[PDB]
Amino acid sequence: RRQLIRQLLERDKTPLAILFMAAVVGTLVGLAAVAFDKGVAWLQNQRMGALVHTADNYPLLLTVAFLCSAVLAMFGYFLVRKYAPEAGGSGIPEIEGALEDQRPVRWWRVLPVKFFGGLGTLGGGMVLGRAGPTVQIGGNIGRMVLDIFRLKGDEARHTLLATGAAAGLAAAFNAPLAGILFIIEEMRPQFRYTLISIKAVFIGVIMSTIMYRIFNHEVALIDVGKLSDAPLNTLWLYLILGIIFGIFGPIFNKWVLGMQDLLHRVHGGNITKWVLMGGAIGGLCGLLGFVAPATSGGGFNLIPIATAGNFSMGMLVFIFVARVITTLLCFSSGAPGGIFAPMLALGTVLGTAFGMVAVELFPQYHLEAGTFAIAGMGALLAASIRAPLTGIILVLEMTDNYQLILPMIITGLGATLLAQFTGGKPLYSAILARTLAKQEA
């Protein structure tokens, strides 16, 4: 229908102003995200220097461990509850909401709350990720420049809010492709056509990523080395593993949803018990972060160690269980901060474990557990969040093990296929569902 013929001849003509403004969004979200990340790090730092100041009296130092974190945690629970509730939890359900035009981007409130609130809960050493925070911060940045410059239209509101969020993923993980992919596979409205210019999201993601490289060059977030290739007669192991991730995904999805409810009892909704709960979780974490640091924190540190088979089978069973616990706690409590990255650490440990059984069950295959570690790494993403293409492309950008691309994709699909066949749902879709339903009811 000729309408088409007119459309094909007018394809990819993004309004110059939407382009130039993406340049500024990415830049700002870039610096913001760098600053966030540098911030978080500095406080985990001080906490380490304070444990040295009191390095002798074991119960004293077990106390300043708890307290430095407990206090920082409360500052974050508080800052959210008092000024910006939409900035509790992840921030991706929220930004997805915004692109649907079913949630308000209150940038004058969320930027400072999420930034300094994230700073506390993360910097205190809680099991939460930078992924939600940075995407929320970035969409808000993008909304804020839309306002300030008074850009009018649907395309301008949707695009700038989108490039903002891709750039915030790009910057937090040094993952320009994964940034771009997360917008198209998860973030943009899933059930209707939208006017989100891709070339504009790209530009935003470049400037965001460059900013990261100005302040972070020479050191990568994960360094795993170059691992062995994967023989064709080995793949069916990767299928079995994605199946294991694909049954676990939904179960872990039930648990985050339920535990949200069961933590919502403890405080009833009340800013004083809610802040006091948060600093108990906060204290528990900063305490865990000294007596068994692998059960606490973001968990990036234990990834290269798991991938190189440097853990024993027991330690991995612990670390995994310990972390399912400290993940549900930290995230289902309402604290500002994601579940995304802490899934990276869970996916890795699960894999490495599976690889270890493969190595001893099939020595003819000449296996390396680190190759199951790397396929598992983003399998939880694929199985819970249900965004496999982004899960895969992200791990690719962080490990540089491209010869593993088939094992990674097979574990991915095996994950998303069993998640779907066991009634699980996209977690960030479930959360935005819960929030829209509790809204009109």
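The numbering used is simple: start at 1 and walk along the sequence shown.
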Original post:
Per the entry, where is the mean C-alpha temperature factor higher: 47 to 55 or 24 to 32?
Top reply: 47 to 55
**OP:** Mind pulling up the entry and telling me whether 214 to 222 or 364 to 372 has the higher mean Cα temperature factor?
**Re:** 214 to 222
Subject >> Per the PDB entry, maximal CA B factor within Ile410, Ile393, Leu61, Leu381 >> reply: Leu61
Original post:
From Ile203, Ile339, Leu195, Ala171, can you pick the one with the highest C-alpha B factor in the entry?
Top reply: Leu195
Subject >> Third of chain Cα B-factors occupied by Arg130 >> reply: lowest
Original post:
Which third of the chain holds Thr163 when residues are ordered by C-alpha B factor: lowest, middle or highest?
Top reply: lowest
Original post:
When the modelled residues of the chain are sorted by Cα temperature factor, does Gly423 land in the lowest, middle or highest third?
Top reply: middle
Original post:
Lowest, middle or highest third: where is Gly89 by C-alpha B factor in its chain?
Top reply: middle
**OP:** Divide the modelled residues of the chain into thirds by Cα B-factor and specify which third, lowest, middle or highest, holds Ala65.
**Re:** highest
